[PDB]
């Protein structure tokens, strides 16, 4: 029904997975025969349960998906996206330290999508505030992404377009 955003942006830590990739785990990671992803020490790395379906829904809706993360553990963040087979859903990934305003300026530049036509999900208040000043519809999340968080965010975006 209501207008869809032209770009859906997600942070990684506490958005797609319940931890800080630069703090709680020890890269590199690998896939184990028991169906899990493990870090160098043997910890069981998991995504928030509905993350695969969240990205799959955006894919079905034709909504371009991008990442905007401020972690220093860049290699590890990308490896996780690949091992969980989530990388295929992303058209662009901005993963590096610094003000997230820089990540969004590059997303804006390469996609051509105006800031007002973007929706962003992050748990970090600092980022919600910084990016919000750009006109992006920012969705402050808790307990990571879920289909409810996604669908409510899309409604919020639609409302903002009005």
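Positions refer to the first chain, counted from 1.
Higher mean CA B-factor, judged across 4-12 and 152-160 from the recorded values: 152-160. Annotation for 39-47 versus 124-132: the higher mean temperature factor (C-alpha) is found in 39-47. Among 69, 137, 102, 111, the highest C-alpha B-factor recorded in the PDB entry belongs to 111. Annotation for residue 141: CA B-factor lies in the highest third of the chain's modelled residues. The entry lists a Cα temperature factor for residue 28 that places it in the highest third of the chain's modelled residues.
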